[PDB]
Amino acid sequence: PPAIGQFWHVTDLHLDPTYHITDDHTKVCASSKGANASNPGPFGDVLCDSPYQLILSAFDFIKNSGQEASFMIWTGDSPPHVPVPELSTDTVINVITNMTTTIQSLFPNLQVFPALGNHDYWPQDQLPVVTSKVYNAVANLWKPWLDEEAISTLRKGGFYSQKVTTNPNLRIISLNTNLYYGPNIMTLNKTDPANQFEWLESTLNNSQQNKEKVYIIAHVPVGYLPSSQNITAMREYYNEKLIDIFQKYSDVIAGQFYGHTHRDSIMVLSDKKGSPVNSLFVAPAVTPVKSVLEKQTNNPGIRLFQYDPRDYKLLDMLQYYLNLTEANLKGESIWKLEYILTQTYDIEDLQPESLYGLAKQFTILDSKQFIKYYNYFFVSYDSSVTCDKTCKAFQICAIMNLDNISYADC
């Protein structure tokens, strides 16, 4: 292709406005909930959500990476993990405002496509089906990036679609998958919350008939969580409905992008006959936070996709990261290239057939490919991270099998 398009994908910033270095490591960050921060530094701690400096450094690397981009995807989760009573609607909005404002200042001429996360509401997870203060606040804040039609829908349901200014036959569809997330009590027993399904189909139909391609953008991913058994993030009923819709329109959709897990994964959606037809990419978080009882977390991550500007086919992805430990040891923001996807795995591109082939390779007995994959899953938080057979089976099946029957069968 005569030119290469690029867009950034950042997700799960989870600013902790509370963060500051002090002698009492239980007081460094409210997001540790009273636990002693492990070894805190100017760029964060594994027991804390992101300090502002960490977030700023990610956007600063972007600015100075010497990579040109046509837009940016931003899949939500801006407030920190503190208990619900410590937060409020007002504080949540300020955090979102702050992130938005911070991006708009540093990238005054970049279109950015946001999606809401499950923490982008007070109380977390309970995102509603009708307009709400938050939905109207993000609409106001995101006007510079979106048209009136998208701003309307955003106010009513927290979802929208929008054509890309530099590639107006590419349409981004930004879903509120939070509506389908297990803990969301507001949508229980609703068949089509906020009408998203009907609006999604109708939008995908329009696209298909207007010679458009679509990138789907959302917070909670479809499918099975790669580190557990028979657990989908979304309630199964909505996972299955989205799957079938994505299969009906696998032609128009040229890629899907998700966050929420804070891990680096892929999924391959196959059509009803077992043929792979859509590639899905879960990007890891900027925040490094974990629970005290977890052995692993992710290092902070930022990524860059390459696409063919004629048909919007995905050509590659570049995953960048911050070695948290190193950065705090030196007090310097060293963002680095973790991998280039086609290089580390030797596949031609990011089309479904290529990713499917890669996943098949992971099922090799003692696959080195899968081992790599597993390290990158945690954005390289520990090299020595090994994996047992059961976990591998959970990972493999989740990559290749998104609906109930297939996954069990696997």
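Residue indices: 1-based, along the sequence shown.
**Q** With respect to the recorded C-alpha B factors, which stretch has the higher mean value, 280-288 or 80-88?
**A** Higher mean C-alpha B-factor in the PDB entry: 80-88.
**Q** On mean C-alpha B-factor from the PDB entry, just flag whether 218-226 or 186-194 is the higher one.
**A** The stretch with the larger average C-alpha B-factor is 186-194.
**Q** Taking the values straight from the PDB record, which of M72, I231, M317, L179 has the highest C-alpha temperature factor?
**A** The listed residue with the largest C-alpha B-factor is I231.
**Q** Using the temperature factors in the entry, find which of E294, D125, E338, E149 has the highest value at its Cα atom.
**A** Comparing C-alpha B-factors across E294, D125, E338, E149, the top value belongs to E149.
**Q** Grab the CA temperature factor for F246 from the record and place it in the lowest, middle or highest third of its chain.
**A** Tercile = middle for this residue's CA B-factor.
**Q** If you rank every modelled residue in this chain by C-alpha B factor, which third holds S31: lowest, middle or highest?
**A** Bottom third by C-alpha B-factor.
**Q** Please say which third, lowest, middle or highest, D346 falls into when its CA temperature factor is compared across its chain.
**A** Ranked within chain, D346 CA B lands in the highest tercile.
**Q** Using the B-factors in the PDB entry, rank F59's C-alpha atom against the chain and give the third, lowest, middle or highest.
**A** CA B-factor rank for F59: middle third.
**Q** Hey, what third does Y381 fall into on Cα B-factor, ranked over its chain?
**A** It falls in the middle third of the chain.
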